[PDB]
Protein chains: 2
Amino acid sequence: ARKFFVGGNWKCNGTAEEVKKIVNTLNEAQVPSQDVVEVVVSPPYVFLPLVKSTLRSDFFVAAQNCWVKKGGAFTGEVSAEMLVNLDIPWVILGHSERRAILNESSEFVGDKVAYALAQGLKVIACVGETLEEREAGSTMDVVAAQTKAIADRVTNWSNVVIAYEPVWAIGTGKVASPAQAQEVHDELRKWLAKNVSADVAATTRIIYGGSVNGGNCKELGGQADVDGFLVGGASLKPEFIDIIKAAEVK
Amino acid sequence: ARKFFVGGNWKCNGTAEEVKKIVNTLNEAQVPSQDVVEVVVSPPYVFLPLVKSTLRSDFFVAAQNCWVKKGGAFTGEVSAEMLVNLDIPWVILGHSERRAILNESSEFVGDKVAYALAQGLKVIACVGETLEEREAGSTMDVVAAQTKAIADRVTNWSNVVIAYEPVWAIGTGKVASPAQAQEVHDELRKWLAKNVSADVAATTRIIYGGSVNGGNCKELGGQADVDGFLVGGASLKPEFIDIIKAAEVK
C-alpha cells in the first residue's frame, strides 16, 4: 500500500523569525506516525541549514529546485550534489511556477529529475495543465507529455513522488473539486501502468498540488488515487498540521 | 579615491568540508586594511549561513543572484529581502552565465538591480560582450546598452559596483590584455560621466571580471580605470589572498 505523503512548499517566503515560529509549531505537533504519513517541508535555499538543524527528525527537508547537471560555472545555481552534501534528502522539480515564469521545459525538468535521482536525492516531480489547456480538452495530453519527458529519462521510480498541479484553478477564479482531482490522478496512474509498468503505477505516490487547506483536506485525501498533497500557502500556517492529520482517512 | 574591491565568485561549487578549508585559509590571511580594500566572498545560497557564521567579520558575504521583485509564489527563488534578513550585504546580478544560460535580459537584470538596492542590498552588477559582438565592433554599443538598462532604473549609485566581463575571452581561445581591459573600463567610466554624472563616474568602482589570478592581478589592478576584480575559479584557492594583496599597487 502507498504511504500517504504530505509536502509543504514554502515557496519564496520566510524570515529567520518566521521560520523559527513555523518550525516550533511543527515540533510541538502530534500527528500520525512516520509509518502512516511521510512529511516533507521545503524552505528557500538560504533557510535549508536553519530548518535542517531545528526541525523534528521525523519530518524531512526538501529544496525547492536544483541544477540540471554537475556543478561548475553556473552562477546562482545549487547542484544536486550540494544538497546531498548538506544531508537534504528531497527536492521539488518542475513546479508550475518554474515551468511558467522561469520557462523550464518538460525536457529540462526530466533531465533535472534524472540527475537528482542519480545523485541520491528523492524527487517530488510536478506536472499540471493550464486553464487554456484544460479548456482545449488537452488535460491528459499535457500531463502525459510532461510525465513522458521524465519517464524517458528515468528507469527507476522508487524515489519519485508525482505532484499534480491544477494550474487551471490557480488564480483563475475556477475551483477544483475532489472529483476532478481524482479523475486526473486515476488517468495518470493508468498512463504509468500502460507506459512504464503495472508495478510503477501501483507503488508511485501521486499527490494533489492544488489548493489544500484545513477545510478540504479530508475530502481530497479520501479519493482513491490521491496519495497526499503538495501544499502551498497553508504550509506556512498551523493549518499544515491538520493537513498532515488527513492521513487518517487512509 | 575609489576603494579597491575584490569579489570572489565561487559559482556553483562547494561542500561543507571545502567551505571550511576556504574560510580557514581566508581567516588566517594578512592583507591590506578594510580602508584599502573591500573584500566580498560569494558562496552558493545553501552555504551562505555557514560562511556568514564562520568568515572573518572584516570580509563580506554576497549571494550569487536574487529574485527580480518581492517574494511570494516563486518556487526556487530567493528574494532580496530574505538576504537582508539574513544579514547578507551583497548580491551579484547579471552575471554572464545567467544572461547566457538562464536567458536573463538586460532589462530583467536592471529590474533586479533596482529591486535589490531598494531593499538595502549592495550590488555587483555585471556587463560584458561576446566574441561575435566584439568582432562586429559592437563592444561599447553592447556594454553601454547593458549599463543603460541598469542606469534607467537606478536612482542612487552609492551601493553599486560594476563588473566588466570579457565574455569574448571566456572559452573562446581569445585572451584579454590589461590594455584591452583598461580601454573598456575607461570608455565605460566616460559613458557614466556623460550619461549619469561626473560624480557617479568618479566614485563608482568598475572591477574586472575576466581571468584573474596571482600572476596577472598586479598588472590589471594597476590600470587607471580598473578598481579591482570579480574573481572566478581562483576565489576557491589560496591564490585569492594574493589577488586581494594587489590593492597595494594603487
# chains A, B, ... in the order shown; residues from 1 in each chain; ligands from 1
call {"tool": "select_by_dssp", "arguments": {"residues": "range 38-208 of chain B", "states": "alpha helix (DSSP H)", "output": "ChimeraX atom specification"}}
result
/B:48-54,80-85,96-100,106-119,131-135,139-151,178-195,198-203
call {"tool": "closest_atom_pairs", "arguments": {"of": "chain A", "to": "chain B", "cutoff": "10 Å", "atoms": "only C-alpha atoms", "output": "JSON lines"}}
result
{"residue": "A:9", "atom": "CA", "partner": "B:75", "partner_atom": "CA", "distance": 7.8}
{"residue": "A:10", "atom": "CA", "partner": "B:75", "partner_atom": "CA", "distance": 7.9}
{"residue": "A:11", "atom": "CA", "partner": "B:75", "partner_atom": "CA", "distance": 4.4}
{"residue": "A:12", "atom": "CA", "partner": "B:72", "partner_atom": "CA", "distance": 5.0}
{"residue": "A:13", "atom": "CA", "partner": "B:72", "partner_atom": "CA", "distance": 5.8}
{"residue": "A:14", "atom": "CA", "partner": "B:82", "partner_atom": "CA", "distance": 6.9}
{"residue": "A:15", "atom": "CA", "partner": "B:85", "partner_atom": "CA", "distance": 6.2}
{"residue": "A:16", "atom": "CA", "partner": "B:85", "partner_atom": "CA", "distance": 7.1}
{"residue": "A:17", "atom": "CA", "partner": "B:85", "partner_atom": "CA", "distance": 9.3}
{"residue": "A:42", "atom": "CA", "partner": "B:75", "partner_atom": "CA", "distance": 9.7}
{"residue": "A:43", "atom": "CA", "partner": "B:76", "partner_atom": "CA", "distance": 9.0}
{"residue": "A:44", "atom": "CA", "partner": "B:78", "partner_atom": "CA", "distance": 6.5}
{"residue": "A:45", "atom": "CA", "partner": "B:46", "partner_atom": "CA", "distance": 5.4}
{"residue": "A:46", "atom": "CA", "partner": "B:46", "partner_atom": "CA", "distance": 5.2}
{"residue": "A:47", "atom": "CA", "partner": "B:46", "partner_atom": "CA", "distance": 7.7}
{"residue": "A:48", "atom": "CA", "partner": "B:46", "partner_atom": "CA", "distance": 6.7}
{"residue": "A:49", "atom": "CA", "partner": "B:49", "partner_atom": "CA", "distance": 7.1}
{"residue": "A:50", "atom": "CA", "partner": "B:49", "partner_atom": "CA", "distance": 8.3}
{"residue": "A:63", "atom": "CA", "partner": "B:76", "partner_atom": "CA", "distance": 7.7}
{"residue": "A:64", "atom": "CA", "partner": "B:76", "partner_atom": "CA", "distance": 4.7}
{"residue": "A:65", "atom": "CA", "partner": "B:76", "partner_atom": "CA", "distance": 5.2}
{"residue": "A:66", "atom": "CA", "partner": "B:76", "partner_atom": "CA", "distance": 8.1}
{"residue": "A:67", "atom": "CA", "partner": "B:12", "partner_atom": "CA", "distance": 9.1}
{"residue": "A:70", "atom": "CA", "partner": "B:12", "partner_atom": "CA", "distance": 8.8}
{"residue": "A:71", "atom": "CA", "partner": "B:12", "partner_atom": "CA", "distance": 5.1}
{"residue": "A:72", "atom": "CA", "partner": "B:12", "partner_atom": "CA", "distance": 5.0}
{"residue": "A:73", "atom": "CA", "partner": "B:11", "partner_atom": "CA", "distance": 5.7}
{"residue": "A:74", "atom": "CA", "partner": "B:12", "partner_atom": "CA", "distance": 5.3}
{"residue": "A:75", "atom": "CA", "partner": "B:11", "partner_atom": "CA", "distance": 4.4}
{"residue": "A:76", "atom": "CA", "partner": "B:64", "partner_atom": "CA", "distance": 4.7}
{"residue": "A:77", "atom": "CA", "partner": "B:12", "partner_atom": "CA", "distance": 5.8}
{"residue": "A:78", "atom": "CA", "partner": "B:12", "partner_atom": "CA", "distance": 6.1}
{"residue": "A:79", "atom": "CA", "partner": "B:12", "partner_atom": "CA", "distance": 6.8}
{"residue": "A:81", "atom": "CA", "partner": "B:15", "partner_atom": "CA", "distance": 8.5}
{"residue": "A:82", "atom": "CA", "partner": "B:15", "partner_atom": "CA", "distance": 6.2}
{"residue": "A:83", "atom": "CA", "partner": "B:46", "partner_atom": "CA", "distance": 8.1}
{"residue": "A:84", "atom": "CA", "partner": "B:15", "partner_atom": "CA", "distance": 9.5}
{"residue": "A:85", "atom": "CA", "partner": "B:15", "partner_atom": "CA", "distance": 6.2}
{"residue": "A:86", "atom": "CA", "partner": "B:16", "partner_atom": "CA", "distance": 7.2}
{"residue": "A:92", "atom": "CA", "partner": "B:76", "partner_atom": "CA", "distance": 8.7}
{"residue": "A:93", "atom": "CA", "partner": "B:76", "partner_atom": "CA", "distance": 9.1}
{"residue": "A:94", "atom": "CA", "partner": "B:75", "partner_atom": "CA", "distance": 9.6}
{"residue": "A:95", "atom": "CA", "partner": "B:75", "partner_atom": "CA", "distance": 7.0}
{"residue": "A:96", "atom": "CA", "partner": "B:75", "partner_atom": "CA", "distance": 8.5}
{"residue": "A:97", "atom": "CA", "partner": "B:74", "partner_atom": "CA", "distance": 6.0}
{"residue": "A:98", "atom": "CA", "partner": "B:75", "partner_atom": "CA", "distance": 6.7}
{"residue": "A:101", "atom": "CA", "partner": "B:74", "partner_atom": "CA", "distance": 8.1}
{"residue": "A:102", "atom": "CA", "partner": "B:102", "partner_atom": "CA", "distance": 8.4}
{"residue": "A:103", "atom": "CA", "partner": "B:102", "partner_atom": "CA", "distance": 9.2}
{"residue": "A:104", "atom": "CA", "partner": "B:102", "partner_atom": "CA", "distance": 9.7}
{"residue": "A:232", "atom": "CA", "partner": "B:73", "partner_atom": "CA", "distance": 8.6}
{"residue": "A:233", "atom": "CA", "partner": "B:73", "partner_atom": "CA", "distance": 8.8}
call {"tool": "calpha_fit_and_write", "arguments": {"fixed": "chain A", "moving": "chain B", "output": "mmCIF file with C-alpha atoms, in the first residue's frame"}}
result
data_model
loop_
_atom_site.group_PDB
_atom_site.id
_atom_site.type_symbol
_atom_site.label_atom_id
_atom_site.label_comp_id
_atom_site.auth_asym_id
_atom_site.auth_seq_id
_atom_site.Cartn_x
_atom_site.Cartn_y
_atom_site.Cartn_z
ATOM 1 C CA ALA B 1 -0.267 0.172 0.219
ATOM 2 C CA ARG B 2 1.167 3.561 -0.741
ATOM 3 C CA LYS B 3 2.323 5.646 2.208
ATOM 4 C CA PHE B 4 0.437 8.961 2.445
ATOM 5 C CA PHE B 5 2.721 11.911 1.673
ATOM 6 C CA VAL B 6 2.412 15.529 2.708
ATOM 7 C CA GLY B 7 4.880 18.079 1.363
ATOM 8 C CA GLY B 8 4.871 21.749 2.310
ATOM 9 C CA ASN B 9 6.174 24.161 -0.318
ATOM 10 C CA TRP B 10 6.986 27.436 1.448
ATOM 11 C CA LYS B 11 7.864 29.050 -1.918
ATOM 12 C CA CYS B 12 9.753 32.354 -1.775
ATOM 13 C CA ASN B 13 8.775 33.184 1.822
ATOM 14 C CA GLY B 14 10.488 33.304 5.185
ATOM 15 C CA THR B 15 12.573 35.185 7.720
ATOM 16 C CA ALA B 16 14.670 33.720 10.539
ATOM 17 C CA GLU B 17 11.958 34.709 13.045
ATOM 18 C CA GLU B 18 9.095 33.231 10.992
ATOM 19 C CA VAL B 19 11.062 30.036 10.366
ATOM 20 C CA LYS B 20 11.611 29.634 14.124
ATOM 21 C CA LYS B 21 7.862 30.032 14.725
ATOM 22 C CA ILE B 22 6.895 27.563 11.966
ATOM 23 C CA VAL B 23 9.431 24.939 13.095
ATOM 24 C CA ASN B 24 8.479 25.258 16.785
ATOM 25 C CA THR B 25 4.827 24.731 15.886
ATOM 26 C CA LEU B 26 5.659 21.614 13.824
ATOM 27 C CA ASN B 27 7.940 20.325 16.585
ATOM 28 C CA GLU B 28 5.084 20.467 19.087
ATOM 29 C CA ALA B 29 2.620 18.733 16.755
ATOM 30 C CA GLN B 30 1.189 15.282 17.463
ATOM 31 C CA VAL B 31 0.469 13.565 14.149
ATOM 32 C CA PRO B 32 0.229 10.034 12.727
ATOM 33 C CA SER B 33 3.390 7.912 12.810
ATOM 34 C CA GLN B 34 6.161 7.944 10.216
ATOM 35 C CA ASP B 35 4.762 4.592 9.041
ATOM 36 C CA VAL B 36 1.383 6.232 8.268
ATOM 37 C CA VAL B 37 2.499 9.558 6.745
ATOM 38 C CA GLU B 38 5.716 10.907 5.227
ATOM 39 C CA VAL B 39 6.129 14.625 5.890
ATOM 40 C CA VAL B 40 8.451 16.907 3.876
ATOM 41 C CA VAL B 41 9.016 20.639 4.486
ATOM 42 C CA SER B 42 10.538 22.835 1.747
ATOM 43 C CA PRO B 43 12.066 26.222 2.712
ATOM 44 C CA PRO B 44 14.040 28.578 0.467
ATOM 45 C CA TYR B 45 17.685 27.558 -0.074
ATOM 46 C CA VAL B 46 19.081 30.011 2.429
ATOM 47 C CA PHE B 47 16.959 28.572 5.256
ATOM 48 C CA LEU B 48 17.741 24.917 4.508
ATOM 49 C CA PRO B 49 20.533 24.886 7.169
ATOM 50 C CA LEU B 50 18.347 26.511 9.861
ATOM 51 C CA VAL B 51 15.433 24.185 9.182
ATOM 52 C CA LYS B 52 17.558 21.034 8.906
ATOM 53 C CA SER B 53 19.246 21.839 12.207
ATOM 54 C CA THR B 54 16.064 22.597 14.184
ATOM 55 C CA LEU B 55 13.193 20.543 12.674
ATOM 56 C CA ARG B 56 12.055 17.292 14.348
ATOM 57 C CA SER B 57 14.070 14.420 12.896
ATOM 58 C CA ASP B 58 11.027 12.460 11.771
ATOM 59 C CA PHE B 59 10.032 15.203 9.284
ATOM 60 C CA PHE B 60 12.190 15.665 6.191
ATOM 61 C CA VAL B 61 13.544 18.685 4.357
ATOM 62 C CA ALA B 62 13.356 19.463 0.611
ATOM 63 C CA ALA B 63 14.954 22.060 -1.625
ATOM 64 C CA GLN B 64 12.564 23.874 -3.975
ATOM 65 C CA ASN B 65 14.771 23.330 -7.064
ATOM 66 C CA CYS B 66 18.250 22.234 -8.117
ATOM 67 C CA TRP B 67 20.475 22.507 -11.184
ATOM 68 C CA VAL B 68 20.119 20.204 -14.230
ATOM 69 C CA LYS B 69 23.603 18.668 -14.030
ATOM 70 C CA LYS B 70 26.912 18.631 -12.175
ATOM 71 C CA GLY B 71 28.042 21.847 -10.553
ATOM 72 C CA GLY B 72 30.711 24.185 -11.883
ATOM 73 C CA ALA B 73 30.369 27.482 -13.712
ATOM 74 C CA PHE B 74 26.679 28.123 -13.061
ATOM 75 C CA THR B 75 26.549 31.264 -10.937
ATOM 76 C CA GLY B 76 23.454 31.359 -8.750
ATOM 77 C CA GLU B 77 22.560 27.668 -9.065
ATOM 78 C CA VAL B 78 22.575 24.916 -6.450
ATOM 79 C CA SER B 79 23.620 21.415 -7.532
ATOM 80 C CA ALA B 80 21.989 18.147 -6.471
ATOM 81 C CA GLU B 81 25.280 16.908 -5.065
ATOM 82 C CA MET B 82 25.427 20.023 -2.808
ATOM 83 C CA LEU B 83 22.042 19.160 -1.375
ATOM 84 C CA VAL B 84 23.163 15.550 -0.794
ATOM 85 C CA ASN B 85 26.317 16.831 0.926
ATOM 86 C CA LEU B 86 24.182 18.934 3.287
ATOM 87 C CA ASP B 87 21.973 15.885 3.997
ATOM 88 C CA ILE B 88 18.903 17.438 2.355
ATOM 89 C CA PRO B 89 17.005 14.363 1.185
ATOM 90 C CA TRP B 90 14.297 15.761 -1.124
ATOM 91 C CA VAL B 91 13.916 18.256 -3.950
ATOM 92 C CA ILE B 92 10.858 19.706 -5.728
ATOM 93 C CA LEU B 93 11.328 19.811 -9.508
ATOM 94 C CA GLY B 94 9.204 21.186 -12.341
ATOM 95 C CA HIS B 95 6.914 23.313 -10.176
ATOM 96 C CA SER B 96 4.390 25.229 -12.313
ATOM 97 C CA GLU B 97 5.935 28.564 -11.248
ATOM 98 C CA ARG B 98 9.321 27.513 -12.638
ATOM 99 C CA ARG B 99 7.746 26.105 -15.829
ATOM 100 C CA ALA B 100 5.829 29.309 -16.413
ATOM 101 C CA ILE B 101 7.880 32.151 -14.973
ATOM 102 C CA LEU B 102 11.391 30.744 -15.410
ATOM 103 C CA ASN B 103 10.487 28.907 -18.635
ATOM 104 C CA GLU B 104 11.578 25.393 -17.618
ATOM 105 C CA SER B 105 10.646 23.014 -20.447
ATOM 106 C CA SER B 106 9.330 19.499 -19.861
ATOM 107 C CA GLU B 107 12.610 18.120 -21.160
ATOM 108 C CA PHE B 108 14.657 20.412 -18.868
ATOM 109 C CA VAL B 109 12.536 19.195 -15.941
ATOM 110 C CA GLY B 110 12.992 15.565 -17.004
ATOM 111 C CA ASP B 111 16.756 16.016 -17.149
ATOM 112 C CA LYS B 112 16.712 17.610 -13.667
ATOM 113 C CA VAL B 113 14.695 14.723 -12.250
ATOM 114 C CA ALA B 114 17.078 12.142 -13.710
ATOM 115 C CA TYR B 115 20.164 13.987 -12.442
ATOM 116 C CA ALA B 116 18.735 14.469 -8.949
ATOM 117 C CA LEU B 117 17.875 10.784 -8.686
ATOM 118 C CA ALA B 118 21.339 9.839 -9.965
ATOM 119 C CA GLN B 119 22.913 11.832 -7.144
ATOM 120 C CA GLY B 120 20.772 10.177 -4.477
ATOM 121 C CA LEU B 121 17.987 12.709 -3.980
ATOM 122 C CA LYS B 122 14.317 11.870 -3.647
ATOM 123 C CA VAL B 123 12.176 13.921 -6.011
ATOM 124 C CA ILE B 124 8.755 15.519 -5.989
ATOM 125 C CA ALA B 125 8.153 15.896 -9.737
ATOM 126 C CA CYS B 126 5.396 18.359 -10.695
ATOM 127 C CA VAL B 127 3.049 18.252 -13.704
ATOM 128 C CA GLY B 128 -0.173 20.057 -14.594
ATOM 129 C CA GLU B 129 -2.177 21.813 -17.311
ATOM 130 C CA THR B 130 -3.249 25.430 -17.851
ATOM 131 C CA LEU B 131 -6.787 26.713 -18.257
ATOM 132 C CA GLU B 132 -6.291 27.102 -22.023
ATOM 133 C CA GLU B 133 -5.085 23.510 -22.207
ATOM 134 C CA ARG B 134 -7.984 22.156 -20.132
ATOM 135 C CA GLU B 135 -10.584 24.114 -22.093
ATOM 136 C CA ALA B 136 -9.120 22.739 -25.333
ATOM 137 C CA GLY B 137 -9.670 19.215 -23.989
ATOM 138 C CA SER B 138 -5.939 18.646 -23.637
ATOM 139 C CA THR B 139 -5.606 17.884 -19.887
ATOM 140 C CA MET B 140 -4.416 14.316 -20.239
ATOM 141 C CA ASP B 141 -2.488 15.046 -23.455
ATOM 142 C CA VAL B 142 -0.501 17.673 -21.525
ATOM 143 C CA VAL B 143 -0.056 15.717 -18.277
ATOM 144 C CA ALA B 144 1.006 12.630 -20.245
ATOM 145 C CA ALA B 145 3.515 14.641 -22.312
ATOM 146 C CA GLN B 146 5.029 16.133 -19.160
ATOM 147 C CA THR B 147 5.143 12.773 -17.430
ATOM 148 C CA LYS B 148 6.600 11.087 -20.541
ATOM 149 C CA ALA B 149 9.473 13.558 -20.596
ATOM 150 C CA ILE B 150 10.333 12.400 -17.074
ATOM 151 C CA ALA B 151 9.649 8.700 -17.708
ATOM 152 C CA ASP B 152 11.892 8.662 -20.791
ATOM 153 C CA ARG B 153 14.809 9.733 -18.549
ATOM 154 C CA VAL B 154 14.104 7.828 -15.333
ATOM 155 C CA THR B 155 15.215 4.223 -14.798
ATOM 156 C CA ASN B 156 14.111 3.816 -11.153
ATOM 157 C CA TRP B 157 10.846 5.240 -9.783
ATOM 158 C CA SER B 158 11.263 4.208 -6.133
ATOM 159 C CA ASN B 159 12.277 7.683 -5.005
ATOM 160 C CA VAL B 160 9.838 9.677 -7.157
ATOM 161 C CA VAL B 161 6.572 11.241 -6.025
ATOM 162 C CA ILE B 162 4.429 12.880 -8.728
ATOM 163 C CA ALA B 163 2.546 16.101 -7.843
ATOM 164 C CA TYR B 164 -0.406 17.112 -10.018
ATOM 165 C CA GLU B 165 -0.952 20.874 -10.092
ATOM 166 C CA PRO B 166 -4.273 22.077 -11.514
ATOM 167 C CA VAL B 167 -2.700 25.235 -12.898
ATOM 168 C CA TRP B 168 -6.084 25.936 -14.535
ATOM 169 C CA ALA B 169 -7.479 26.651 -11.067
ATOM 170 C CA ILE B 170 -4.565 28.885 -9.979
ATOM 171 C CA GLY B 171 -5.750 32.503 -9.990
ATOM 172 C CA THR B 172 -8.164 31.927 -12.885
ATOM 173 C CA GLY B 173 -11.350 32.070 -10.845
ATOM 174 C CA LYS B 174 -11.894 28.357 -11.485
ATOM 175 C CA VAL B 175 -12.100 25.867 -8.615
ATOM 176 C CA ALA B 176 -11.128 22.210 -8.792
ATOM 177 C CA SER B 177 -13.408 19.644 -7.210
ATOM 178 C CA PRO B 178 -12.211 16.509 -5.458
ATOM 179 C CA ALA B 179 -13.878 14.568 -8.306
ATOM 180 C CA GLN B 180 -11.811 16.518 -10.851
ATOM 181 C CA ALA B 181 -8.607 15.821 -8.926
ATOM 182 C CA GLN B 182 -9.426 12.111 -8.655
ATOM 183 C CA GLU B 183 -10.107 11.908 -12.427
ATOM 184 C CA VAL B 184 -6.656 13.238 -13.291
ATOM 185 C CA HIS B 185 -4.892 11.117 -10.656
ATOM 186 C CA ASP B 186 -6.684 7.966 -11.884
ATOM 187 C CA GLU B 187 -5.900 8.647 -15.536
ATOM 188 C CA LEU B 188 -2.272 9.469 -14.695
ATOM 189 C CA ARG B 189 -1.897 6.235 -12.714
ATOM 190 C CA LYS B 190 -3.423 4.282 -15.594
ATOM 191 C CA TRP B 191 -0.905 5.978 -17.919
ATOM 192 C CA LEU B 192 1.945 4.815 -15.650
ATOM 193 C CA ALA B 193 0.532 1.280 -15.648
ATOM 194 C CA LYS B 194 0.364 1.072 -19.427
ATOM 195 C CA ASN B 195 3.504 2.978 -20.321
ATOM 196 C CA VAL B 196 5.948 2.292 -17.498
ATOM 197 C CA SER B 197 4.710 -0.756 -15.533
ATOM 198 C CA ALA B 198 1.860 -2.024 -13.385
ATOM 199 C CA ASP B 199 4.244 -2.125 -10.406
ATOM 200 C CA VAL B 200 5.317 1.494 -10.855
ATOM 201 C CA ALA B 201 1.684 2.572 -11.132
ATOM 202 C CA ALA B 202 0.731 0.672 -7.985
ATOM 203 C CA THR B 203 3.603 1.954 -5.884
ATOM 204 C CA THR B 204 4.170 5.569 -6.972
ATOM 205 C CA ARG B 205 2.570 8.269 -4.825
ATOM 206 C CA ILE B 206 0.615 10.821 -6.825
ATOM 207 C CA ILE B 207 -0.087 13.830 -4.636
ATOM 208 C CA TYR B 208 -2.457 16.744 -5.189
ATOM 209 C CA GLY B 209 -0.859 20.187 -5.611
ATOM 210 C CA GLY B 210 -3.940 22.359 -5.962
ATOM 211 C CA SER B 211 -5.446 24.443 -3.203
ATOM 212 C CA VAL B 212 -5.243 22.405 -0.007
ATOM 213 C CA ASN B 213 -6.292 23.593 3.400
ATOM 214 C CA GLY B 214 -7.716 22.323 6.674
ATOM 215 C CA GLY B 215 -11.185 22.566 5.188
ATOM 216 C CA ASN B 216 -10.765 20.299 2.173
ATOM 217 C CA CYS B 217 -7.895 17.956 3.039
ATOM 218 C CA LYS B 218 -10.022 15.021 4.207
ATOM 219 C CA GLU B 219 -12.261 14.911 1.101
ATOM 220 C CA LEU B 220 -9.255 15.175 -1.209
ATOM 221 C CA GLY B 221 -7.123 12.729 0.748
ATOM 222 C CA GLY B 222 -9.885 10.148 0.711
ATOM 223 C CA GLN B 223 -9.902 9.851 -3.077
ATOM 224 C CA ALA B 224 -8.735 6.451 -4.313
ATOM 225 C CA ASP B 225 -5.830 7.742 -6.379
ATOM 226 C CA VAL B 226 -4.804 10.754 -4.278
ATOM 227 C CA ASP B 227 -1.858 9.816 -2.055
ATOM 228 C CA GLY B 228 -1.367 13.130 -0.274
ATOM 229 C CA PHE B 229 -0.607 16.781 -1.013
ATOM 230 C CA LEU B 230 1.943 19.316 -2.127
ATOM 231 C CA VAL B 231 0.683 22.216 0.007
ATOM 232 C CA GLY B 232 1.303 25.874 -0.854
ATOM 233 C CA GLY B 233 0.446 28.725 1.503
ATOM 234 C CA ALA B 234 -1.069 26.591 4.272
ATOM 235 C CA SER B 235 2.387 25.100 4.694
ATOM 236 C CA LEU B 236 3.440 28.327 6.522
ATOM 237 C CA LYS B 237 0.480 28.032 8.912
ATOM 238 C CA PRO B 238 -0.506 25.832 11.871
ATOM 239 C CA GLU B 239 -3.189 24.414 9.580
ATOM 240 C CA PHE B 240 -0.423 22.324 7.924
ATOM 241 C CA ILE B 241 -0.714 20.023 10.939
ATOM 242 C CA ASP B 242 -4.391 19.341 10.176
ATOM 243 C CA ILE B 243 -3.438 18.527 6.609
ATOM 244 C CA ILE B 244 -0.856 15.989 7.844
ATOM 245 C CA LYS B 245 -3.593 14.542 10.043
ATOM 246 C CA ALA B 246 -5.699 13.816 6.921
ATOM 247 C CA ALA B 247 -3.519 10.684 6.524
ATOM 248 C CA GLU B 248 -5.852 9.008 8.995
ATOM 249 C CA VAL B 249 -8.620 8.977 6.340
ATOM 250 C CA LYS B 250 -6.821 6.186 4.444
#
call {"tool": "decode", "arguments": {"residues": "range 122-133 of chain B", "atoms": "N, CA, C and O atoms", "output": "mmCIF file, in the first residue's frame"}}
result
data_model
loop_
_atom_site.group_PDB
_atom_site.id
_atom_site.type_symbol
_atom_site.label_atom_id
_atom_site.label_comp_id
_atom_site.auth_asym_id
_atom_site.auth_seq_id
_atom_site.Cartn_x
_atom_site.Cartn_y
_atom_site.Cartn_z
ATOM 1 N N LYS B 122 23.728 45.807 -1.361
ATOM 2 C CA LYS B 122 24.764 46.370 -2.224
ATOM 3 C C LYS B 122 24.906 45.407 -3.389
ATOM 4 O O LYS B 122 24.765 44.192 -3.215
ATOM 5 N N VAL B 123 25.173 45.942 -4.573
ATOM 6 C CA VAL B 123 25.085 45.144 -5.798
ATOM 7 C C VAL B 123 26.350 45.183 -6.620
ATOM 8 O O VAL B 123 26.884 46.257 -6.882
ATOM 9 N N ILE B 124 26.820 44.005 -7.020
ATOM 10 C CA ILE B 124 27.822 43.881 -8.071
ATOM 11 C C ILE B 124 27.052 43.610 -9.348
ATOM 12 O O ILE B 124 26.530 42.521 -9.546
ATOM 13 N N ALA B 125 26.973 44.616 -10.221
ATOM 14 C CA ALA B 125 26.214 44.484 -11.477
ATOM 15 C C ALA B 125 27.155 44.176 -12.642
ATOM 16 O O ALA B 125 28.102 44.938 -12.905
ATOM 17 N N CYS B 126 26.885 43.068 -13.340
ATOM 18 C CA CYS B 126 27.797 42.569 -14.377
ATOM 19 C C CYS B 126 27.319 42.901 -15.774
ATOM 20 O O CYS B 126 26.131 42.786 -16.070
ATOM 21 N N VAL B 127 28.273 43.298 -16.610
ATOM 22 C CA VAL B 127 28.080 43.604 -18.041
ATOM 23 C C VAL B 127 29.224 42.995 -18.842
ATOM 24 O O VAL B 127 30.252 42.621 -18.276
ATOM 25 N N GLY B 128 29.046 42.865 -20.152
ATOM 26 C CA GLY B 128 30.131 42.347 -20.980
ATOM 27 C C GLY B 128 29.646 41.830 -22.313
ATOM 28 O O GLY B 128 28.506 41.354 -22.407
ATOM 29 N N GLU B 129 30.525 41.865 -23.316
ATOM 30 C CA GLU B 129 30.163 41.482 -24.686
ATOM 31 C C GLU B 129 30.767 40.143 -25.121
ATOM 32 O O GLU B 129 31.799 39.706 -24.609
ATOM 33 N N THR B 130 30.081 39.490 -26.063
ATOM 34 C CA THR B 130 30.502 38.210 -26.610
ATOM 35 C C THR B 130 31.542 38.409 -27.692
ATOM 36 O O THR B 130 31.765 39.532 -28.149
ATOM 37 N N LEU B 131 32.146 37.306 -28.127
ATOM 38 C CA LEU B 131 33.120 37.365 -29.209
ATOM 39 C C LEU B 131 32.486 37.887 -30.500
ATOM 40 O O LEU B 131 33.081 38.720 -31.189
ATOM 41 N N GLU B 132 31.285 37.409 -30.823
ATOM 42 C CA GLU B 132 30.592 37.870 -32.026
ATOM 43 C C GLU B 132 30.380 39.378 -31.959
ATOM 44 O O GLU B 132 30.617 40.102 -32.937
ATOM 45 N N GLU B 133 29.977 39.859 -30.783
ATOM 46 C CA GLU B 133 29.738 41.283 -30.610
ATOM 47 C C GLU B 133 31.035 42.094 -30.729
ATOM 48 O O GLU B 133 31.061 43.143 -31.374
#
